[PDB]
Amino acid sequence: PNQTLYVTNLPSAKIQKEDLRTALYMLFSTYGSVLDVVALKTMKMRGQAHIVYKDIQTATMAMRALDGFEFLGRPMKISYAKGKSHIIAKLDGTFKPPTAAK
Amino acid sequence: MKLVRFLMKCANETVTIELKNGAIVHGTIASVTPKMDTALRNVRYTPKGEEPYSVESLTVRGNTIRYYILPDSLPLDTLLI
Amino acid sequence: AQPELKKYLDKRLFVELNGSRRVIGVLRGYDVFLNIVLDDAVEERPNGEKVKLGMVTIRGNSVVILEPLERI
Amino acid sequence: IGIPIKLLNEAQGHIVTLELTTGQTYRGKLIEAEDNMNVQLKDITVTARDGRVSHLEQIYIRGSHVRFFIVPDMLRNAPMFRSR
Amino acid sequence: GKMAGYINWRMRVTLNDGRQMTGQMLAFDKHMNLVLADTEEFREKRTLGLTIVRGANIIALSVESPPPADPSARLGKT
Amino acid sequence: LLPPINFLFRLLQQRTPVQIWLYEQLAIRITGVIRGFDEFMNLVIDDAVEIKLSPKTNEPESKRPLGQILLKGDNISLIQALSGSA
Amino acid sequence: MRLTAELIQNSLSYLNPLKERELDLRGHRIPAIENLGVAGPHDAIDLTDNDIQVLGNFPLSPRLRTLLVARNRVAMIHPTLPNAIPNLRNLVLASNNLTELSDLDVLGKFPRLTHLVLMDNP
Amino acid sequence: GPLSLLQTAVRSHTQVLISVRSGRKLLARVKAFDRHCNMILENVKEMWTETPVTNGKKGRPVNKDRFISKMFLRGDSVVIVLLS
Amino acid sequence: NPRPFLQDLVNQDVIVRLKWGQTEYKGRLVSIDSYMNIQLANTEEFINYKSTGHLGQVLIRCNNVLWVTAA
RNA sequence: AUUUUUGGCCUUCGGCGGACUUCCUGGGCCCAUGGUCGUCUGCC
């Protein structure tokens, strides 16, 4: 139960990261209100993306609507995010950057 | 005399400024800074090789501004006196 | 404000300057106007040929980028 | 001093980006900055106008040949911009 | 006076190279130093976020719109 | 630590040959002996020779003496001293 | 409600997730696209959860790139929409009434259109 | 000096030619002057040389002239001055 | 000293070479200033080592003057 | 009077070196067999 959701098992074998992010943003905008979409090309970010919506109820409705939806021939597994979104924290104004210099 | 003082005395008049990037901005000046940073009201700006546009307020730097032309009916002698 | 060139002093550095010039040499000193004088300077164009010139100085406006090629 | 000088001093020593007047754009860990726009950075990557992307363990930049800078959102929304 | 009135507002600045940076300018300094947030550079359009423009490259600037509504103003009370 | 002003003063005292490549021109050089300097790096060199180099192999194409020539600090970019063969 | 100048000023102007300026008029139930000059220049338009029936009557907005008119009742696309937005790249019209071969031909004839979303449509 | 020459030209109200580094010539009588080589003049004739290109080939030069009632020239834009 | 050199070259036959177009102006320089502004009388301009013609009273600023020598 | 404000600018690009990235190649971000892409210098 959160405004941020993690989408896994995405097609990242040959799909461009910018094109995949644009497609995910368009799908989230069609499904409802979306605040931010993050999808990198790292080892742990390959096929894994984070979508933060405007509200927790809107994010839950979007996840229920697009649960198991096939994106570019590959279904995407939607799960609740274990942590808060950085964009959501910046919008709320209570964002605390980490003290570790990584 | 002083160029900034002359611009302040001749302000609130319709002038056309040619900027060295090929730009022409025509309009009435609203405020003139001491560093030749004149802010104009109801300005029309046309760049070199670009379509013209209209803006309500715009600021042009004195270094970027190459030349200026004031109205012919402005009292230049009274402004410089 | 004088430049912070004390850490780059007595170190082999390459300076990239306009006209695509690379001056590689040991830094000998600096001034408050970012004017660096280098010893055993070698000038290199984009072709890659390096020609020694000796002790040379670079003006503050002429110097664009500086990078020490050794540990600092 | 200046508000941009204070912002650059606050944004120094972090992951930032710079764009120079020569066309070379660098991104990396900016370490030292000065009020006279003297930037000392370590662990940066600089790409020229037409390709030519290399690395830099140490870079010194002056504001005469520097065009713009990109800093963090925390530095943009720091409390120095609050009204008096 | 005019700079203080037009500060922290939506402004678009055209530089000497022709690139136009548009966004909410928040800080101004008398050496023509403009610090803005969520800047968009058009030459192709890209977003840079926080940006600083110096008078050594800045040519002209204009106020494209007034100050935008705050997040509290958007999510105000009912 | 040798400052640029101290290096210029030492070069003027030694009267060694100095070649200065100009700013915004990699093929324009002035070769001579520095006789005077100012706060704005205005170097006046006696028996100066202007050298225009070729753009292909950077070889000396044209050389023309001018006598005492005062080069501006903004004009002069890269000054290098060459040791004479005794 | 009707799309007026006050509604266009009260529309949510922010930054889109794709790093672009987005103006959203959701929750207003605009019956038609109007007051485009009052809205001004916007790179992304979001008319979701509205009652727009005609996809047209837009002003000269070459800076517009993204359009999202999903969850609406748009059944046709005006021929002047591609002329008004020749640089539009992303177009989303999900859960709409646009199911015409003429509309598909207009979408194909749009030159800059790269991303097309038309799911949950006939 | 140059300031004294500009003051004498403004007092004499004689036509002088200002050469601007963008390839421009301005023939106008001197009326006002500043310490930063900025001048204000009346009845200015502006002349320039243009080389049109037709079908990728450079054409012959053409002299373009224009008239201005009142003009202001900056010291940065002004490159040379000639008193007639 | 550039200032003593300009003082000695005041009211003397000097040639100033610009930084653009390889242009030179040779004439009797008389008036000098602290901002390196040189006013010369009966000056003649030359381009590409070829004489272009005599102008007369010519004022040259430091922004356009690159080098100065005595003829 | 060198790092902002008194500009070191004026100001074409082909035979074309070297890029850059876009989508649409094939194979497993990786490698070949990619094709395009219109802004950069460049070479004679």
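Order of the sequence lines sets the chain letters (A, B, ...), proteins ahead of strands, with each chain counted from 1.
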query = Where does the sugar of J:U4 land, north (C3'-endo side) or south (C2'-endo side), based on the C1'-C2'-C3'-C4' torsion?
reply = south
ask   = Would you call J:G26 and J:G27 stacked when the test is ring centres under 5.5 Å and planes under 30°?
value = yes
key: J:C44 versus J:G35 - spacing of their P atoms, nearest Å   = 27 Å
task = In whole angstrom, give me the gap between the P atoms of J:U12 and J:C40.
result = 13 Å
task = Examine J:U21 and say whether its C1'-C2'-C3'-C4' torsion places the sugar north (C3'-endo side) or south (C2'-endo side).
result = north
request  = Report yes or no: is J:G34 base-paired to J:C24 (Watson-Crick or G-U wobble, both distances under 3.5 Å)?
outcome  = yes
key: Span that lies between the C1' atom of J:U41 and that of J:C16, in whole angstrom   = 12 Å
query = Say you pick atom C1' in J:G18 and the same atom in J:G28; how far apart are they, in whole Å?
reply = 30 Å
key: Nearest-Å distance once atom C1' is located in both J:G15 and J:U36   = 23 Å
query = Would you say J:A32 pairs with J:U39 if a pair means Watson-Crick or G-U wobble with both distances under 3.5 Å?
reply = no
query = Which whole number of Å gives the distance between the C1' atom of J:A19 and that of J:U39?
reply = 11 Å
message = Can you tell me if J:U33 puckers north or south, using the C1'-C2'-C3'-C4' torsion sign?
response = north
query = J:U22 and J:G35, Watson-Crick or G-U wobble pair at under 3.5 Å for both distances?
reply = no
ask   = Does the ring of J:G35 sit north or south, if a positive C1'-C2'-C3'-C4' angle means north and a negative one means south?
value = north
query = Does J:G28 have its sugar in the north or the south range once you look at the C1'-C2'-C3'-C4' torsion?
reply = north
ask   = How far, in whole Å, is J:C43 from J:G17 if one measures between their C1' atoms?
value = 6 Å
request  = Determine the interatomic distance between P on J:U11 and the same-named atom on J:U4; round to the nearest Å.
outcome  = 27 Å
